[PDB]
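As a starting point, one isolated chain is supplied in C-alpha cells, in the form deposited in one PDB entry.
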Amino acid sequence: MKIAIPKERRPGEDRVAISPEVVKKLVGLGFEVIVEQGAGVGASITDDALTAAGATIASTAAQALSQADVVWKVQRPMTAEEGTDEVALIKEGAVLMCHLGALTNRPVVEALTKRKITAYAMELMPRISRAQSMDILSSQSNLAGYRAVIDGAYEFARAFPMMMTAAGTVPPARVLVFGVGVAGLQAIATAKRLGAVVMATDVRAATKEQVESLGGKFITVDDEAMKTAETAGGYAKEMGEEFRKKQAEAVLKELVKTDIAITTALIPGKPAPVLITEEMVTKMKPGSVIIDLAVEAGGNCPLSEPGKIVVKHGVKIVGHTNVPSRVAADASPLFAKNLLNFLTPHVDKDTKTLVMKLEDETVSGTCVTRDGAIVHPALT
C-alpha cells in the first residue's frame, strides 16, 4: 500500500504533511512512502533526510500522486477552477487526509466525489480526550499562540521586559490576550516568558485557573453567565449582545493601558465574535499593536484584513494569514504526527491494508466523502 505526500502549492504555505520520524513509523506499519522533490524545504526537512528515513523521492507532483493509495496533505487540493488541478493528480478511489476546509469549500468536496476519493477532513476531529493527539487545529493553534507574541514584539517599537538602566527604567509591556484557548494559553506563556505583564479574559469558567497558574491575571466579567458558557465539546457558545456590553466595559479599563492585544477567540461554525470595536481601538495608545488570529474567520477586530497590517488610529492591526506556516518547521512534524496518530489504529498487522472503522467516532466525525457520495451530517 503506497502513501504519498506532495509539496504545498498554495501561496504562503511552507508546511508539509510528513517528517523523517513519521516516515520510519509508516515503513514500520508496511507502507511504501513517497514524497515530492523539495516538499519539506519550507519546513527545513530535506530530501536527503526523508530518504534516510526510508522514503522514495519523486521528481514531480503527478508522479508522486499517480499510484498513491492514501494521500497526506496539509491544505485542501486545488482544482482546475483555481488554476492548478491537484484533485486530478490523486488516484481514483484513493483516500485523502488533510485540512480540507469542508464546511467552507464545497467545490473541492464535490470535485473529490467525482473521482470517488474518500476524503477525511482533519479540522473536524471530534473534541474527545483520546483524539487530542490527532487534532490538527490544536497542534497548529498552539504554535500560532507563541507566534502571535513574536509578531507582536516585531511590530512593537518598545521592549517587552522590565529593565532598570542608567538611562532610565524601561517598563514592561502590558499584554492582553482575548480568548484563552490552546493559542491563548501559549500566548500568555510566551508573553510571560519575554517579561510582559499579562492580562487575559474568556467566557469559560475553567480558564481562570489556567491563566492564574501561568502568572496571568484574569479579567472577570460575570461569573453567573460564564458558568453556563461551555458546551459539551469544551468550547464557547453565543453570549448575546448584553454580555458583550458588560465585557467591553470591564476590558476597556485594561485595554487603554495595553500595549499588545492578542485576540484568539473562535465560536466553531459561527463567525468570530467582535471583541475589540473601532471605538475601542481609538481609546488605545498610539504605537500599540493588535494581533488578530481570528482574521480568517471574520476577525475579533473588524479593522483587521487577511494577509495585511492595517495602521489606523495610531494602532497596528496585524492579521497574517496561515499563522502556523510562520512556524513551519515545528508545525510540519506535529501535523505529520497528527495524521499518523489518526491513521495507525486502522492499519492491519498481517493484512497490509487500511480498515477505517465506522463504529469509531474519530472516522465518522472526520469523513466528508466516501466513494462518490457526501456522507457527513453537516453538508447533507
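In this text, residue numbers run from 1 along the sequence as written. Note that the rigid core is defined as the largest set of C-alphas that superpose within 1.5 Å between two forms.
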Specify whether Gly216 falls into a modelling gap in a third or more of the other PDB entries of this protein.
no
Unmodelled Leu255 in at least one third of other entries with both flanks present:
no
When the Cα temperature factors in the entry are averaged, is it 53-61 or 330-338 that ends up higher?
53-61
Between the two ranges 267-275 and 165-173, the one averaging a larger CA B factor in the entry:
267-275
From the list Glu212, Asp135, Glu242, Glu296, select the residue with the highest C-alpha B factor recorded in the entry.
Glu242
By the entry's C-alpha temperature factors, tell me which of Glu249, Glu123, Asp292, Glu155 sits highest.
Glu249
Using the B-factors in the PDB entry, rank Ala17's C-alpha atom against the chain and give the third, lowest, middle or highest.
lowest
Would you mind ranking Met280 by its C-alpha B-factor against the rest of the chain and naming the third, lowest, middle or highest?
highest
Could you say whether, by C-alpha temperature factor, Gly319 belongs to the lowest, middle or highest third of its chain?
lowest
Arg127: C-alpha B-factor third of its chain, per the entry, is the middle
Consider only the C-alpha atoms of the modelled residues in this chain, order them by B-factor as the entry records it, and name the third containing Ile219: lowest, middle or highest.
highest
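Omitted from view is the form deposited in another entry, to which the following refers.
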Mover between this form and the one not shown (rigid core aligned, C-alpha >= 2 Å shift), picked from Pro268, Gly93, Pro107, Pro161, is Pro268
Core-superposed C-alpha of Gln247 shifting 2 Å or more between this form and the one not shown:
yes
